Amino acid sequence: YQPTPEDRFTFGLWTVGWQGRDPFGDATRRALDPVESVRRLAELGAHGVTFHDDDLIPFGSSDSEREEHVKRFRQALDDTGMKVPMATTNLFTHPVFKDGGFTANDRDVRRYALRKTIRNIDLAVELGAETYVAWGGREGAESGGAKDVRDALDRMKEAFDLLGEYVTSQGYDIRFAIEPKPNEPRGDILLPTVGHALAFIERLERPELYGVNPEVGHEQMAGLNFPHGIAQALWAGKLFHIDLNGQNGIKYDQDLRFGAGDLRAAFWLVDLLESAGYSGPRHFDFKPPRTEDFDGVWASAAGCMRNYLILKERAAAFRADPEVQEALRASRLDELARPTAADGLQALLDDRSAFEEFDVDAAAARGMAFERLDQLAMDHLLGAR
């Protein structure tokens, strides 16, 4: 189960470089030079890295220091063959963003947020990124009167519409992906799930430029089924990027390594991504636990990729098993794929077998055979077939 760059595994600089500071404790690890993270991830078989503007260029840098930080980074990329497929803005750390960026109540902050974002879109295009992620971690409220949500959504649409005008006017080949999260660090965050983000995109001026960047742990913080939400994003044609990690239920955002947390959900997720032919990056947004030293950091990151590749093998064996294909027919998954009424509305209304003569008791007696199918899936996951 050894990864190669063909597998398109990517990591955020902020993931392996997380120093371990949490709401109740100081950092437990020293800071990582971005150049060393690139080389260590290349050694592990990763395909590329991603960054916030403030991960790469420390906040408040002159254009000279900025130039030097980028040149060092590009030289590490050229030395290793690593790519940069995605980039994003930090609109959450600095105190100025304490009430949001695009939806801050203060107008001057909203304008500064847009200028800070545009500057990093230029940098992302230069380094070759195809997707620009927006996570509005501070867009939200702790109390009901602080934020008129209809006005906030107006301001959110205005900001994204302006970004789309910018990339259109410059001729950039880059697309945006909105990353939802239901809460933390705000009490409630705007666009809290995949569904709310998908709905919001359809109200933008150029909806075709925008998709979603769902994260495993974020939908599970609302107790939702992550493979189900990913299917809906694929069904709408909007899965532009994905963030893989692990989460143990409804609580603070844990960002465990992929495969930890809900293991069966990770299996069904890989099954879906591989059978639907998702061809984007397999990006890990995780945090090595602050119990770990740097040896633990790299073991945790290697484990992300290993677990994807074991699950990929097991799901492929599951779908190729003739006994499984036979069980899928026994449960009528084949009938689910067939149109309900390709004969049209009038034919349906005139069909007495659809109502007047339908034997409801005979249909109700047919078992679905779902438990035998699920135990075959369990046996395959566990390598017990």
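Residue numbers here begin at 1 and follow the sequence given.
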What stretch has the higher average Cα B-factor here, 104-112 or 167-175?
167-175
Check the entry's C-alpha temperature factors for 330-338 and 59-67, then say which stretch has the higher mean.
59-67
Checking the record values for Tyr308, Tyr132, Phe294, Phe286, which has the greatest CA B factor?
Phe294
Per the entry, which of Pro85, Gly249, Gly246, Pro182 tops the list for Cα B factor?
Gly249
Please rank the C-alpha B-factors of the chain's modelled residues and tell me whether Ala384 sits in the lowest, middle or highest third.
highest
Chain thirds by Cα B factor, record data; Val49 belongs to the lowest
Consider only the C-alpha atoms of the modelled residues in this chain, order them by B-factor as the entry records it, and name the third containing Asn120: lowest, middle or highest.
middle
For the chain shown, is the CA B-factor of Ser279 in the lowest, middle or highest third of its modelled residues?
highest
Using only modelled residues of the chain, where does the Cα B factor of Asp374 rank: lowest third, middle third or highest third?
lowest
